[PDB]
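an experimental structure, sequence included, is below.
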Amino acid sequence: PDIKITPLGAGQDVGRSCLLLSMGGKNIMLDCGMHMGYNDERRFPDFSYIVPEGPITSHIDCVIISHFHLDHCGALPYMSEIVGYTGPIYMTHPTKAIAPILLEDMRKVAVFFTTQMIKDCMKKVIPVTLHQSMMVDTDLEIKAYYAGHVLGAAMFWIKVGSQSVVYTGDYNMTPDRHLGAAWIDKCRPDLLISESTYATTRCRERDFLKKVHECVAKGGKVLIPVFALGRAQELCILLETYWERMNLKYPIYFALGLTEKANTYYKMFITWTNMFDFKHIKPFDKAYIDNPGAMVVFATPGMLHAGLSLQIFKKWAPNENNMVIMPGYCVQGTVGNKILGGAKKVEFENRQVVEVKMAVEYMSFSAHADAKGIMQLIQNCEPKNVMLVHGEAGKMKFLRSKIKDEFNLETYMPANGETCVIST
Amino acid sequence: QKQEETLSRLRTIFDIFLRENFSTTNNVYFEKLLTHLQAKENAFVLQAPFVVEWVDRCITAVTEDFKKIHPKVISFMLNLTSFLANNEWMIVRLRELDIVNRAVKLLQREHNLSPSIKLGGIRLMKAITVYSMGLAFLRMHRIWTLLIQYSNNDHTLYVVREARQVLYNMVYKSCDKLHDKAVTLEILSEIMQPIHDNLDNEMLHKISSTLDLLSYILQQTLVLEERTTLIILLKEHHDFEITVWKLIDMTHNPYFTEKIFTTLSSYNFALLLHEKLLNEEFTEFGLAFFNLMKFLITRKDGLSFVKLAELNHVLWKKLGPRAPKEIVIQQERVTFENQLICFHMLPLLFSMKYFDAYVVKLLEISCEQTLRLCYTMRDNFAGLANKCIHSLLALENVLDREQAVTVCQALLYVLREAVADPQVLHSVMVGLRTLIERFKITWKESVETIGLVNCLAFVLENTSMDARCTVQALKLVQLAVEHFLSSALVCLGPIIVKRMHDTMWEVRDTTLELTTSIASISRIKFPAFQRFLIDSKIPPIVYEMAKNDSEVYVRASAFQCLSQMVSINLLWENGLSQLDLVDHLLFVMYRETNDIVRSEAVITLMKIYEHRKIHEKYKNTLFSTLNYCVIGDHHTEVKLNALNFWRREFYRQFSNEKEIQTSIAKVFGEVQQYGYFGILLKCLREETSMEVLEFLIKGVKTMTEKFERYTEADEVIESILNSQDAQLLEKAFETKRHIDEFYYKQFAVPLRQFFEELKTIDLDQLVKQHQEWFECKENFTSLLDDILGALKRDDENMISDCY
Ligand SMILES: [Zn+2]
Ligand SMILES: [Zn+2]
C-alpha cells in the first residue's frame, strides 16, 4: 500500500486543477479544470500522462469535481468527449446545474467544444448529497461535506480499504455573510490535500458600496465585468439593498442575457445554505451605452475577454469620471491584466488605442481560507500527512514550517507532474 | 525595422534575468517565451550574437555555486540551449565554448534538482544526440549512467518517458552506425546490472524499473523498419530468457509479474522481427508463446492474462505489413490474428456464463493449440468482466474489419445473457454502441438483432434502473433503428411515451433525440410503417412538453424534433395543424432569453414556412419578429439562422423582356417593403462577430451580380454589513407577447439607397479587421511588453485566485 498523487496541474500554481489519487489499487481522478491563460493544447490538463496516444480512458474509477469554478470544471467536456471517458462523474446538485451555464458561456467567449459535447458530458454526471456515503463499485466509498467559497462546493472523503483521503479543494473556515464555514467530523484520514491560496494572509465590502456611491453621484458611469454566476450575485444584493434602504434614482442596468440566472441562483441558495425579480434592476440594450446620465452596468464576461464588457469598456474609456470595478483575478492576456497592471493605453481593432483615464479599481471577493483557517481545519481533522496544491510556491514553503512546528506532521509540495509517494 | 526593436527588448529582459536577486511567480511567462522561441518565424533571434553570450554568462554564473543564484531561470537557460542546439551554426560555437560540457557536469554533480531543470537538461541531451559530434562527446563523457539513474529512481514520470528515448536512441545509433561494440556492451551491461546482481521490497523496485526500461527498448526496436543487431547482442552475452525465467522463480506478486510477462512477450516479438528479417515456419515463436500462455494459465491470475493478451494483440498489429497473417506452427495453417482475440474474449464469456452453449460455436475459429489451452483454462477456472470489456474496447483503435464483427457478436451474447451489478451492463452497452457506430455492423453482419431490440425493450421497460444506464439504452435503440433497418413497434410504443414523462432531465432529452431520429427515418428512406407508430400519441406530447418542461436543453431538443417531424404530410394533416403552432413560435422568438432555444425555434419556423403554409394574418408579425431576431444583442447562432431564413425566403420568392422586368421589379418591391436591404446595412456596418461577417459578405456578393443590372449614510452601511444574505432575501421573498405588427417599418430602406450605401463602404476590410487584430493580439512584441510590465511592477496584494 502506497498513496501516489501526481498533480497534472495546480501544484505550486493555480488553475488546471487536476490530481490523480492513485491509491489502494484503484485510480481516482480529482477535479478536472482548465487554464484560461495558455490558448494552445496546454489549456486543458495533459492526458498523455495516463494513456499515451489512447483516446479512451479505462483506468480512472471515478472523477470527482468539487466546485464550479472554471479552474475545476472547464476541461470536463474535453475530458469526456475528445479524450474518451464513459465512467461516473460525481458532483453536487448546485454545481451540477450551475456548471453547464458557465461552460456554455466559456464556449461563446472562446469562439473548441460544441453544445452537444456539453450535453453529452453531463448526461454522465451523478449527483451526490452531503453526508451520504455513496459507493462506486466496491470499496470505493465517497462522502461529501459542506465547504463554502461558492454555492454548491463540497470537499470529499474517499475510502479504499482502510486508507482514507480528505480532498478539500476550495473551502473557507471563517464565518461570513454569503456562506458559512466548512464542517468536518473526527475522521482521521491517511492524507489531507488542502488549499494554500492565502497562506500569508468588512473592509473589502464597505469600500465597494462607499466607492460606487461616491462615483455615481459625480455624473460618472460604473462598469462591473462579471461572469454569469458566482460573484455577480454576491453584489446584486448589496447594491439593491443599498439603493432600497437609501432612496436612490440612478439606474443599474444588468446585461439582459443574465437576469433569469439571478433567479436560479437564489432559488438554490436557500436550499443549500440551510420567481424572483429585483426592484431597481432593469436589463438594458446596446442603445443605453451612449445615453448621458449615470448608470452602474453589470456585464459579461468578467475579465474583459470579449463580448459586451469590452465594447462597453471601449466607449467609456476616455472619460475621467468613469470607473471599472473588476471584481476578480484577471489572467495573463485579458485586457483586464494590462488595465489592472497600470497600462494607460490598450490597443484595439485597427491600430486604435483607448487612452484609459477611467479610475480602474480591484476588489477580491473570493473568501478562501486564511492562515489560521488551515490549522483550525487540521486541528478538527487530525490527519497523518498534509499536502498543499493550490496556490504559490513561497507561501506554501512558509506554511510548511508552521505546520511542522505546530502539529509535527510532514508536508509535501509537488510541482506539476511529480508523483508524491506517501507510505504508512 | 522592428527586428532591432524586439531584439533590444529581449536584450533588456535577459539582462534583468541574470541579477542575483529575483522573485517572480506566474510561471506562464517563461513557457510563453519558450513557445515563442520555438516558432520558425523568430528564427533570427537565435542567430543574433546576443543569446549565446547570455547562455555563457549564466552558466559561468551557475557552475561555481547556485545555492541561490537562479531559482527557475536555469530551466529556461537549459531549454534555450536545447533550442539553440539545432545545426546551422550554433553547434560549432557551442562546441568551441565550454557551454555543453559545463551543462552536463552541472547535471552530474548536483543532487536535488527540481524536476524542471532535469527535463531541460534531458531536452538538451536529446537535441545534441541526433548529431555525430554530440554522440562522440556523449561516448567520451560516460553520460549513460546518469540516464540509468534518472530512468530508475526519480519520481517525475515526465522525465523517464523522455530519458528513455535518449537512451534508446544512443543504443540504436551506436549499434547501427558500425561503431564499437565495447560502448554498446557497456550500456547494456549497465542496464542489465540490477538483474544480474540478484542472480524484501526495495530491490523489487529496481528490478521492475529495469524490466520496464528493457521492454520499452525492445518495443521501440519493434517499431523499426530496418535490420538491427541489438537483439542478438541482448540474447548472446547477457542471455535473457534464462535469466528472466530464473527471476520469476523466487519473487512473488501479481502486479509485478505483469512487467516480467510483458518484457518476455515484447522480447519474443522483437526476436521474430529481427531474426526472421534475415538469417518458413514460425514454430520458434510458437512454442514459446504458447508455453508462456500456459504458464499464465497455471499461475491462476486473471487481470494479467487479459492485459498480456491485449499487449500481444497491440504488438502484432505493430509489426504491420511484414506479417503473413497465416503462421505455419507445426504442419498447420493457423492464422494468428484470431487466437489472440479468442484468448482475449474467453475470460469474459467464461465469467458471465457462470457447461458450454455459445463458446463452442466460437472455438472453431481457433486451432488445436488454442483448444487445448481453453480446455485447461476451463479446469483452471471478483470484478473481472468489466476489465475484460474495457480491454477489448481499448483495442478498438487498431482492429481491422472482421475481429470487430466477432467482438461485436460476443458483446451481443454477453448483453443477451446479462439481461436474462449494473456496471457490466453499462460497460457492454457503451462498448457495443461505439463498435457499431465505428465499424458499420449493419444487419447483414449481426445475426440476432431481434434479440438486441427485445432485450433492450425489457431493459427499458420492466426494471427502471438508475438513469446512467437508461440513456445508453436509448442511444443503443437509436443506433439499432438507424442501422439495423430491413415486434419493434409494439415494444417502442408505450416506452417512448412513458420515458418522455420521466422525472429526470437526462432521460427526457435522450428520448426526444430518439424520437426525432425515428421521425427522420419516417421520411422517404423508410415506409410509413414508422409513421403510424408516431401517429398514435407522440406529436401532442412533443408539442405540449416543448411548451414548458423547465429544462432548457429539453425545450431545445423538443423544438428541433418538432422541426423535423413537421415536414412529413401525415402528421401535419392528422394531429399537428390543428394546434396553433406559429403563435407559440412567434412568442418564443422574441419574449424568451436563453437563446440556445431561440435559434432552433427559428429553424422550426423555417421548416414550417418553407414546406407548409401559414395564415395571411401572421405575415406582418412574422417579419417584424424575424427582423428583431437579428438586430440586437443576440448570440451568433440566432443571427446566422435568421439570415438563413431571409436568404431562403428571398430565393424562394424569386422563382415566381418587359414583362419579366416588371415582375422582377415587383418581387424586389415586395421583399423591400417588409425590409431586407436596410437590415443588411444595419447588420453589416454594426454587428461584430466572426462568421456572421463572412456570411453577410458572401450573401451580398452572390446577390450583387444578379442585382446591379436591374453621518446619515453610514448607519445603513453598518446595518447592511451586520446581516447575512439569507436574511436579506426572506424580506425579498416576502415582499406584451407578439410584438406590434409594424416593427419593420423603420427598417424600410429602398433599392436606390442600397446602391449608394453599399458602394461607399468597404467590404473585405470588415472581415479583415477582426482577424488581423487577433493575429496581432498575441504577437511576440506584445508578450515582451507585458512581461516587462510584469517584471518592473511588483504588486504583492494581487494574488492569483480561483478564476
Ligand atoms: Zn474556487
Ligand atoms: Zn481554484
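Perfect, thanks for sending it. Numbers count the residues shown, from 1 in each chain, chains lettered A, B, ... in the order given. Ligands and ions are numbered 1, 2, ... in the order given.

what strand or helix carries the nearest residue to residue B:5 once chain neighbours are set aside?
Leaving aside its chain neighbours, residue B:5 sits nearest to residue B:781 (7.5 Å; criterion: CB to CB, 6 or more residues apart in numbering or on different chains). Using the backbone N, CA and C atoms, a C-beta is placed for each residue, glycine as well. Assigned by DSSP states H and E, residue B:781 belongs to helix B:780-792.

now for that helix, which elements pack on it?
Counting contacts by 3 or more CB pairs under 8 Å, 6 or more residues apart in numbering or on different chains; DSSP states H and E, helix B:780-792 packs against helix A:335-340, helix B:2-17, helix B:28-38.

which ones are touching residue 294?
Went with chain A since none was named. Contacts here follow CB atoms under 8 Å, 6 or more residues apart in numbering or on different chains; on that basis residue A:294 touches A:216-217, A:219-222, A:250.

that's the wrong chain, I wanted chain B
B:373, B:376.

so it, which state does it fall into?
helix (DSSP: H, G, I helix; E, B strand; the rest coil).

SS state for the closest residue to ligand 2 within the stretch 151-300 of chain B?
Taking CB to the ion, ligand 2 has its nearest neighbour within the stretch 151-300 of chain B at residue B:158, 22.8 Å off. Secondary structure, three-state DSSP: residue B:158 is coil.

residue contacts, the one residue in the stretch 51-200 of chain A that gets nearest to ligand 2?
Minimum separation of the stretch 51-200 of chain A from ligand 2 (CB to the ion) falls at residue A:71, amounting to 4.4 Å. If you count contacts by CB under 8 Å, 6+ apart, residue A:71 has them with A:10, A:14-17, A:33-36, B:802-803.

looking at those residues, which has the most residues close by?
Taking other CB atoms under 10 Å in any protein chain shown as the neighbour criterion, residue A:17 ranks highest of those with 33 neighbours.

please tell me how far it sits from residue A:76.
12 Å (CB to CB, to the nearest Å).

any shared contact partners between these two?
With CB under 8 Å, 6+ apart, residue A:17 and residue A:76 have common neighbours residue A:32.

what distance separates stretch B:439-456 from the middle of the whole chain?
Counting by CA atoms, centre = their mean, to the nearest Å, stretch B:439-456 is centred 29 Å from the centre of its parent chain.

if we go by neighbour counts, what in that stretch is buried?
Neighbour counts over stretch B:439-456 (16 or more other CB atoms under 10 Å in any protein chain shown) mark B:439, B:441, B:445-446, B:449, B:451-456 as buried.

any chance of these in a markdown table with secondary structure and distance to residue B:184 as columns?
Shown next, in a markdown table, are those (DSSP: H, G, I helix; E, B strand; the rest coil; distance: CB to CB, whole Å):
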| residue | secondary structure | distance to residue B:184 |
| --- | --- | --- |
| B:439 | helix | 44 |
| B:441 | coil | 49 |
| B:445 | coil | 51 |
| B:446 | coil | 53 |
| B:449 | helix | 58 |
| B:451 | helix | 59 |
| B:452 | helix | 57 |
| B:453 | helix | 62 |
| B:454 | helix | 64 |
| B:455 | helix | 59 |
| B:456 | helix | 60 |
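
which residues does residue A:243 contact?
A:250, A:252, A:279-280.

one step back: what's in contact with the helix holding residue B:781?
A:332-333, A:337-338, A:341-343, A:347, B:2, B:5-6, B:9-10, B:12-13, B:16, B:24, B:26, B:29, B:32-33, B:36, B:42, B:776.

burial count for residue 90?
No chain specified, so I'll use chain A. Neighbours of residue A:90 using other CB under 10 Å come to 19.

looking at chain B here, not the other one
Residue B:90, neighbours per other CB under 10 Å, totals 19.

state the distance from it to residue B:8.
When residue B:90 is compared with residue B:8 (using CB to CB), they lie 21 Å apart.

what do you get for residue B:741?
66 Å.

sorry, back to before: my read: the residue of the stretch 151-300 of chain B closest to ligand 2 touches residue A:417, true?
Yes: with contact defined as CB atoms under 8 Å, residue B:158 reaches residue A:417; the gap is 4.5 Å.

anything in contact with each of these two?
By CB under 8 Å, 6+ apart, the residues touching both residue B:158 and residue A:417 are A:49, B:115.

in stretch B:724-744, which residues are buried?
B:725-726, B:728-729, B:732, B:739, B:741, B:743-744.

say whether chain A is contacted by that stretch.
Yes: against chain A, stretch B:724-744 shows contacts by CB under 8 Å from any CB of the partner chain at B:724-726, B:728-729, B:732-733.

what sits up against that stretch?
With CB under 8 Å, 6+ apart, stretch B:724-744 has contacts from A:177-178, A:237, A:241, A:266, A:269-270, A:273-274, A:276, B:583, B:586-587, B:590-591, B:620-621, B:623-625, B:627-628, B:674-675, B:720.

same thing with stretch B:507-515?
A:119, A:123, B:467, B:470-471, B:474-475, B:477-478, B:481, B:496, B:499-502, B:534, B:538, B:542, B:545, B:549, B:551, B:553-554, B:557-558, B:561, B:565.

mind checking how far the helix ranked longest in chain B is from the chain centre?
What stands out as the longest helix in chain B, according to DSSP state H, is helix B:254-276. Chain-centre distance of helix B:254-276: 31 Å, with CA atoms, centre = their mean.

what about residue B:479, which helix or strand?
Secondary structure (DSSP H and E) places residue B:479 in helix B:467-483.

tell me which other helices or strands that helix touches.
helix B:422-439, helix B:449-462, helix B:488-499, helix B:505-521.

which of these is buried the deepest?
Highest mean neighbour count among those (mean count of other CB atoms under 10 Å in any protein chain shown): helix B:505-521, with a mean of 22.

could I get the helices and strands packed on helix B:467-483 as JSON lines with distance to ligand 1?
Formatted as JSON lines, the helices and strands packed on helix B:467-483 follow (distance: least, CB to the ion, whole Å):
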{"stretch": "helix B:422-439", "distance to ligand 1": "31"}
{"stretch": "helix B:449-462", "distance to ligand 1": "40"}
{"stretch": "helix B:488-499", "distance to ligand 1": "37"}
{"stretch": "helix B:505-521", "distance to ligand 1": "25"}
